[PDB]
Amino acid sequence: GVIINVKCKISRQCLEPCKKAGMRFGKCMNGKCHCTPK
């Protein structure tokens, strides 16, 4: 589990860097981004 405290706006804009790192999941909850490692 890897949470990051960034003002996100679209789940797709946090999905890109979460893929770059290598995450199985890329989800934003209106506020902060929550990605899960693969």
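Note that the sequence shown covers residues 1 to 38 in the entry's author numbering.
Virtual Cβ for every residue (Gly too), placed ideally from N, Cα, C.
{"query": "Note the first and the last residue of the continuous beta strand (DSSP E) segment covering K27.", "result": "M23 to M29"}
{"query": "Taking the alpha-carbon of residue 42 as reference, which of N30, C28, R24 and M29 has the nearest alpha-carbon?", "result": "In the structure displayed, the chain extends from 1 to 38; residue 42 sits before or after that span and is not available."}
{"query": "If you compare alpha carbons, which of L15, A21 and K19 is closest to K27?", "result": "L15"}
{"query": "Please report the Cβ distance between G22 and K38, rounded to the nearest whole angstrom; I am assuming they are in contact, meaning their Cβ atoms lie under 8 angstroms.", "result": "6 angstroms"}
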